[PDB]
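Working notes, beginning with the structure itself.
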Protein chains: 2
Amino acid sequence: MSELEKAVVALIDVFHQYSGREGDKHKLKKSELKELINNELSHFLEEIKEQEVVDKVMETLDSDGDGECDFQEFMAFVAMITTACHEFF
Amino acid sequence: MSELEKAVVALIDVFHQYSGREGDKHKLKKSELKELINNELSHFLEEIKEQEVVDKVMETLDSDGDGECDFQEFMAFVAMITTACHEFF
Ligand SMILES: CN(C)CCCN1c2ccccc2Sc2ccc(Cl)cc21
Ligand SMILES: [Ca+2]
Ligand SMILES: [Ca+2]
Ligand SMILES: [Ca+2]
Ligand SMILES: [Ca+2]
């Protein structure tokens, strides 16, 4: 697989690794998002150390008002991050 | 860097290796998009070698009508591919 293909599979791989941990296996609840951020985005984003910060990130990424982050909501997030990274270049 | 961080930077690195070959260094003209797809998406997509197929794909991805694919347009393309792959699993 090419560099691009590996990255696409990796976005899926990571989402599922965290979403699959508790309850709905296709959505990130607040605990799993916190773990994803803390363990997969430790160079790009501040560590979240407080629940009320977690709560605040979730309500942003959660567009459909269900309290959790689904794959399309996670892709929105990844696009936000990649755009900030691209701009930084 | 984590699986996720590597994947973000790969999206950038791939776009810019193809975008910087001709003309605008931050956009993909048709020839650059052609080779990116042909060389970086070969397990996901069929190769494209007829100019009216290239035209049609560019027409699909070009949202601002300048005849090129910029980075936000490439990320839209990536999220598409990523969504289709997630669907399969
Ligand atoms: C382009 N450069 C000079 C920054 C390098 C990339 N880089 C980075 C980039 C943008 C935002 C945050 C970071 S954290 C980081 C931590 C370790 C390493 Cl090894 C690299 C990075
Ligand atoms: Ca879950
Ligand atoms: Ca949601
Ligand atoms: Ca170019
Ligand atoms: Ca365009």
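Letters for chains follow the order of the structure tokens (A, B, ...), residue numbers begin at 1 for each chain, and ligand numbers begin at 1 in the order shown.
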
*residue 80 of chain B environment, 12 Å, only C-alpha atoms, sequence neighbours closer than 6 positions dropped, as a PyMOL selection string*: (chain A and resi 8+72+75-76) or (chain B and resi 44+60-61+73-74+86-87)

Next, the residues of the selection above should be written as a PDB file, in the first residue's frame with C-alpha atoms.
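Listing of selection.pdb after writing:
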```
ATOM      1  CA  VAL A   8      -6.486   6.323   5.063  1.00  0.00           C
ATOM      2  CA  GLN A  72     -18.062  11.384  10.200  1.00  0.00           C
ATOM      3  CA  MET A  75     -13.349  12.944  10.096  1.00  0.00           C
ATOM      4  CA  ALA A  76     -14.430  16.591  10.576  1.00  0.00           C
TER       5      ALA A  76
ATOM      6  CA  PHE B  44      -8.382   1.931  -3.949  1.00  0.00           C
ATOM      7  CA  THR B  60     -16.016  16.379  -9.643  1.00  0.00           C
ATOM      8  CA  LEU B  61     -13.342  17.601  -7.135  1.00  0.00           C
ATOM      9  CA  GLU B  73     -10.615  19.919  -2.240  1.00  0.00           C
ATOM     10  CA  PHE B  74      -8.032  17.091  -1.825  1.00  0.00           C
ATOM     11  CA  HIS B  86     -14.789   2.662   6.666  1.00  0.00           C
ATOM     12  CA  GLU B  87     -18.039   1.371   5.147  1.00  0.00           C
TER      13      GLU B  87
END
```

Take chain B, superimpose it onto chain A by least squares using every C-alpha atom paired in sequence order, and output the result as an mmCIF file with C-alpha atoms, in the first residue's frame.
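The resulting superposed-v5.cif:
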```
data_model
loop_
_atom_site.group_PDB
_atom_site.id
_atom_site.type_symbol
_atom_site.label_atom_id
_atom_site.label_comp_id
_atom_site.auth_asym_id
_atom_site.auth_seq_id
_atom_site.Cartn_x
_atom_site.Cartn_y
_atom_site.Cartn_z
ATOM 1 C CA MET B 1 -0.089 0.069 -0.093
ATOM 2 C CA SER B 2 0.997 3.646 -0.789
ATOM 3 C CA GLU B 3 1.779 6.466 1.681
ATOM 4 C CA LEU B 4 -1.745 7.799 0.978
ATOM 5 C CA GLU B 5 -3.530 4.396 1.324
ATOM 6 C CA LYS B 6 -1.718 3.618 4.566
ATOM 7 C CA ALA B 7 -2.883 6.988 5.865
ATOM 8 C CA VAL B 8 -6.558 6.333 4.958
ATOM 9 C CA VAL B 9 -6.517 2.920 6.683
ATOM 10 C CA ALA B 10 -4.748 4.417 9.757
ATOM 11 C CA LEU B 11 -7.604 6.944 10.250
ATOM 12 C CA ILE B 12 -10.021 3.971 10.314
ATOM 13 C CA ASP B 13 -7.814 1.692 12.468
ATOM 14 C CA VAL B 14 -7.240 4.447 15.100
ATOM 15 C CA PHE B 15 -10.946 5.441 15.249
ATOM 16 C CA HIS B 16 -12.027 1.847 15.675
ATOM 17 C CA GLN B 17 -9.439 0.929 18.316
ATOM 18 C CA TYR B 18 -10.867 3.745 20.518
ATOM 19 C CA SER B 19 -14.542 3.495 19.516
ATOM 20 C CA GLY B 20 -14.754 -0.239 20.322
ATOM 21 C CA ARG B 21 -13.640 0.007 23.962
ATOM 22 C CA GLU B 22 -17.020 0.834 25.558
ATOM 23 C CA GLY B 23 -20.710 0.955 24.718
ATOM 24 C CA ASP B 24 -21.391 1.776 21.072
ATOM 25 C CA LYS B 25 -18.598 0.073 19.117
ATOM 26 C CA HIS B 26 -18.805 2.593 16.233
ATOM 27 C CA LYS B 27 -18.867 5.854 18.286
ATOM 28 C CA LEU B 28 -16.526 7.638 20.746
ATOM 29 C CA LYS B 29 -18.118 8.436 24.134
ATOM 30 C CA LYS B 30 -16.254 11.107 26.148
ATOM 31 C CA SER B 31 -13.775 8.700 27.856
ATOM 32 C CA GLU B 32 -12.768 7.137 24.487
ATOM 33 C CA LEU B 33 -12.272 10.533 22.803
ATOM 34 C CA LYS B 34 -10.217 11.671 25.795
ATOM 35 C CA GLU B 35 -7.818 8.737 25.470
ATOM 36 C CA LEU B 36 -7.633 8.973 21.650
ATOM 37 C CA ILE B 37 -6.603 12.654 21.956
ATOM 38 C CA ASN B 38 -4.321 12.004 24.970
ATOM 39 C CA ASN B 39 -2.660 8.964 23.325
ATOM 40 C CA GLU B 40 -2.796 9.626 19.561
ATOM 41 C CA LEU B 41 -2.606 13.488 19.282
ATOM 42 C CA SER B 42 0.014 14.237 21.910
ATOM 43 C CA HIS B 43 2.353 16.116 19.495
ATOM 44 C CA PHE B 44 -0.512 18.096 18.027
ATOM 45 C CA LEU B 45 -2.706 18.782 21.078
ATOM 46 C CA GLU B 46 -2.404 19.254 24.879
ATOM 47 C CA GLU B 47 -3.505 16.352 27.079
ATOM 48 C CA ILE B 48 -7.077 16.684 28.436
ATOM 49 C CA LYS B 49 -7.667 15.588 32.054
ATOM 50 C CA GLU B 50 -10.422 17.761 33.479
ATOM 51 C CA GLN B 51 -13.885 16.553 32.747
ATOM 52 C CA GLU B 52 -15.204 20.025 31.796
ATOM 53 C CA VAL B 53 -12.458 20.258 29.116
ATOM 54 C CA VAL B 54 -13.489 16.791 27.756
ATOM 55 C CA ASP B 55 -17.101 17.990 27.838
ATOM 56 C CA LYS B 56 -16.251 21.120 25.909
ATOM 57 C CA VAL B 57 -14.295 19.215 23.220
ATOM 58 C CA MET B 58 -17.100 16.641 22.783
ATOM 59 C CA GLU B 59 -19.629 19.486 22.601
ATOM 60 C CA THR B 60 -17.481 20.989 19.797
ATOM 61 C CA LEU B 61 -17.248 17.723 17.744
ATOM 62 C CA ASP B 62 -20.749 16.318 18.329
ATOM 63 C CA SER B 63 -22.861 17.533 15.365
ATOM 64 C CA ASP B 64 -25.991 15.405 15.913
ATOM 65 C CA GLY B 65 -26.239 15.947 19.676
ATOM 66 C CA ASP B 66 -26.118 12.313 20.841
ATOM 67 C CA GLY B 67 -23.179 13.055 23.182
ATOM 68 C CA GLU B 68 -20.714 10.930 21.190
ATOM 69 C CA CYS B 69 -18.293 11.294 18.289
ATOM 70 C CA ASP B 70 -19.102 9.094 15.284
ATOM 71 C CA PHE B 71 -16.761 8.482 12.331
ATOM 72 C CA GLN B 72 -17.907 11.437 10.181
ATOM 73 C CA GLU B 73 -17.512 13.682 13.231
ATOM 74 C CA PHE B 74 -13.996 12.208 13.786
ATOM 75 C CA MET B 75 -13.120 12.874 10.110
ATOM 76 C CA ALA B 76 -14.282 16.504 10.561
ATOM 77 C CA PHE B 77 -11.938 16.671 13.596
ATOM 78 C CA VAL B 78 -9.122 15.083 11.533
ATOM 79 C CA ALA B 79 -9.634 17.583 8.610
ATOM 80 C CA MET B 80 -9.385 20.445 11.162
ATOM 81 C CA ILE B 81 -6.086 19.140 12.542
ATOM 82 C CA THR B 82 -4.894 18.407 9.003
ATOM 83 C CA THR B 83 -5.790 21.924 7.827
ATOM 84 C CA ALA B 84 -3.919 23.515 10.798
ATOM 85 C CA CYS B 85 -0.814 21.380 10.074
ATOM 86 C CA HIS B 86 -0.969 22.239 6.327
ATOM 87 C CA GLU B 87 -1.112 25.919 7.314
ATOM 88 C CA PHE B 88 2.173 25.577 9.281
ATOM 89 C CA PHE B 89 3.678 23.450 6.466
#
```

*Per DSSP on the backbone, what are the helix (DSSP H, G or I) residues of segment 10-60 of chain B, as a ChimeraX atom specification?*
/B:10-19,30-40,51-60

Output N, CA and C atoms for every residue in the selection just made, as a PDB file, in the first residue's frame.
```
ATOM      1  N   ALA B  10       1.197  12.551   6.418  1.00  0.00           N
ATOM      2  CA  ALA B  10       1.253  11.829   5.144  1.00  0.00           C
ATOM      3  C   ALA B  10       0.292  12.456   4.126  1.00  0.00           C
ATOM      4  N   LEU B  11      -0.913  12.835   4.570  1.00  0.00           N
ATOM      5  CA  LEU B  11      -1.883  13.523   3.701  1.00  0.00           C
ATOM      6  C   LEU B  11      -1.247  14.785   3.099  1.00  0.00           C
ATOM      7  N   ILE B  12      -0.595  15.565   3.962  1.00  0.00           N
ATOM      8  CA  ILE B  12       0.128  16.783   3.563  1.00  0.00           C
ATOM      9  C   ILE B  12       1.298  16.530   2.612  1.00  0.00           C
ATOM     10  N   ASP B  13       2.165  15.572   2.976  1.00  0.00           N
ATOM     11  CA  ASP B  13       3.378  15.208   2.275  1.00  0.00           C
ATOM     12  C   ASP B  13       3.037  14.710   0.841  1.00  0.00           C
ATOM     13  N   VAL B  14       2.041  13.827   0.748  1.00  0.00           N
ATOM     14  CA  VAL B  14       1.551  13.330  -0.549  1.00  0.00           C
ATOM     15  C   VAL B  14       0.968  14.465  -1.413  1.00  0.00           C
ATOM     16  N   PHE B  15       0.089  15.302  -0.841  1.00  0.00           N
ATOM     17  CA  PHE B  15      -0.501  16.394  -1.616  1.00  0.00           C
ATOM     18  C   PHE B  15       0.617  17.284  -2.179  1.00  0.00           C
ATOM     19  N   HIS B  16       1.499  17.726  -1.297  1.00  0.00           N
ATOM     20  CA  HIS B  16       2.579  18.578  -1.733  1.00  0.00           C
ATOM     21  C   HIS B  16       3.651  17.970  -2.668  1.00  0.00           C
ATOM     22  N   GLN B  17       3.901  16.663  -2.589  1.00  0.00           N
ATOM     23  CA  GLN B  17       4.788  16.106  -3.610  1.00  0.00           C
ATOM     24  C   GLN B  17       4.203  16.199  -5.027  1.00  0.00           C
ATOM     25  N   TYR B  18       2.880  16.058  -5.141  1.00  0.00           N
ATOM     26  CA  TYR B  18       2.187  16.124  -6.447  1.00  0.00           C
ATOM     27  C   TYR B  18       1.812  17.539  -6.889  1.00  0.00           C
ATOM     28  N   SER B  19       1.436  18.379  -5.931  1.00  0.00           N
ATOM     29  CA  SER B  19       1.058  19.763  -6.215  1.00  0.00           C
ATOM     30  C   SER B  19       2.241  20.632  -6.646  1.00  0.00           C
ATOM     31  N   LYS B  30      -4.686  19.047 -13.697  1.00  0.00           N
ATOM     32  CA  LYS B  30      -5.158  17.721 -14.091  1.00  0.00           C
ATOM     33  C   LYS B  30      -4.064  16.635 -14.147  1.00  0.00           C
ATOM     34  N   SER B  31      -2.908  16.957 -14.729  1.00  0.00           N
ATOM     35  CA  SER B  31      -1.796  16.006 -14.873  1.00  0.00           C
ATOM     36  C   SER B  31      -1.272  15.516 -13.516  1.00  0.00           C
ATOM     37  N   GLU B  32      -1.157  16.434 -12.553  1.00  0.00           N
ATOM     38  CA  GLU B  32      -0.730  16.117 -11.177  1.00  0.00           C
ATOM     39  C   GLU B  32      -1.708  15.260 -10.416  1.00  0.00           C
ATOM     40  N   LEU B  33      -3.002  15.537 -10.565  1.00  0.00           N
ATOM     41  CA  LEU B  33      -4.070  14.732  -9.938  1.00  0.00           C
ATOM     42  C   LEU B  33      -4.120  13.308 -10.497  1.00  0.00           C
ATOM     43  N   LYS B  34      -4.004  13.225 -11.819  1.00  0.00           N
ATOM     44  CA  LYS B  34      -3.861  11.988 -12.564  1.00  0.00           C
ATOM     45  C   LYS B  34      -2.766  11.130 -11.933  1.00  0.00           C
ATOM     46  N   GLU B  35      -1.539  11.650 -11.859  1.00  0.00           N
ATOM     47  CA  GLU B  35      -0.457  10.832 -11.320  1.00  0.00           C
ATOM     48  C   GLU B  35      -0.601  10.501  -9.841  1.00  0.00           C
ATOM     49  N   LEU B  36      -1.193  11.392  -9.056  1.00  0.00           N
ATOM     50  CA  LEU B  36      -1.409  11.148  -7.622  1.00  0.00           C
ATOM     51  C   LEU B  36      -2.346   9.940  -7.521  1.00  0.00           C
ATOM     52  N   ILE B  37      -3.460   9.973  -8.266  1.00  0.00           N
ATOM     53  CA  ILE B  37      -4.434   8.873  -8.237  1.00  0.00           C
ATOM     54  C   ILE B  37      -3.793   7.575  -8.753  1.00  0.00           C
ATOM     55  N   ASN B  38      -3.103   7.682  -9.897  1.00  0.00           N
ATOM     56  CA  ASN B  38      -2.492   6.536 -10.577  1.00  0.00           C
ATOM     57  C   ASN B  38      -1.405   5.891  -9.710  1.00  0.00           C
ATOM     58  N   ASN B  39      -0.624   6.730  -9.033  1.00  0.00           N
ATOM     59  CA  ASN B  39       0.506   6.297  -8.197  1.00  0.00           C
ATOM     60  C   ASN B  39       0.283   6.154  -6.679  1.00  0.00           C
ATOM     61  N   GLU B  40      -0.732   6.822  -6.132  1.00  0.00           N
ATOM     62  CA  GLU B  40      -0.931   6.754  -4.681  1.00  0.00           C
ATOM     63  C   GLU B  40      -2.252   6.091  -4.281  1.00  0.00           C
ATOM     64  N   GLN B  51      -7.999  11.296 -21.275  1.00  0.00           N
ATOM     65  CA  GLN B  51      -8.094  12.656 -20.764  1.00  0.00           C
ATOM     66  C   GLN B  51      -9.524  13.073 -20.381  1.00  0.00           C
ATOM     67  N   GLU B  52     -10.536  12.503 -21.023  1.00  0.00           N
ATOM     68  CA  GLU B  52     -11.922  12.816 -20.626  1.00  0.00           C
ATOM     69  C   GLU B  52     -12.353  12.205 -19.266  1.00  0.00           C
ATOM     70  N   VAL B  53     -11.700  11.121 -18.850  1.00  0.00           N
ATOM     71  CA  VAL B  53     -11.832  10.592 -17.492  1.00  0.00           C
ATOM     72  C   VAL B  53     -11.165  11.517 -16.449  1.00  0.00           C
ATOM     73  N   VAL B  54      -9.915  11.936 -16.706  1.00  0.00           N
ATOM     74  CA  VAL B  54      -9.225  12.951 -15.890  1.00  0.00           C
ATOM     75  C   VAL B  54     -10.084  14.189 -15.755  1.00  0.00           C
ATOM     76  N   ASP B  55     -10.630  14.664 -16.880  1.00  0.00           N
ATOM     77  CA  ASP B  55     -11.451  15.868 -16.902  1.00  0.00           C
ATOM     78  C   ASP B  55     -12.619  15.706 -15.964  1.00  0.00           C
ATOM     79  N   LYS B  56     -13.293  14.561 -16.076  1.00  0.00           N
ATOM     80  CA  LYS B  56     -14.485  14.284 -15.313  1.00  0.00           C
ATOM     81  C   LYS B  56     -14.203  14.227 -13.805  1.00  0.00           C
ATOM     82  N   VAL B  57     -13.073  13.642 -13.433  1.00  0.00           N
ATOM     83  CA  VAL B  57     -12.664  13.533 -12.026  1.00  0.00           C
ATOM     84  C   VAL B  57     -12.324  14.904 -11.456  1.00  0.00           C
ATOM     85  N   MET B  58     -11.556  15.699 -12.211  1.00  0.00           N
ATOM     86  CA  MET B  58     -11.249  17.088 -11.819  1.00  0.00           C
ATOM     87  C   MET B  58     -12.505  17.929 -11.653  1.00  0.00           C
ATOM     88  N   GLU B  59     -13.411  17.807 -12.630  1.00  0.00           N
ATOM     89  CA  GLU B  59     -14.715  18.471 -12.587  1.00  0.00           C
ATOM     90  C   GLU B  59     -15.452  18.106 -11.281  1.00  0.00           C
ATOM     91  N   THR B  60     -15.466  16.822 -10.930  1.00  0.00           N
ATOM     92  CA  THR B  60     -16.016  16.379  -9.643  1.00  0.00           C
ATOM     93  C   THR B  60     -15.374  17.074  -8.406  1.00  0.00           C
TER      94      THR B  60
END
```
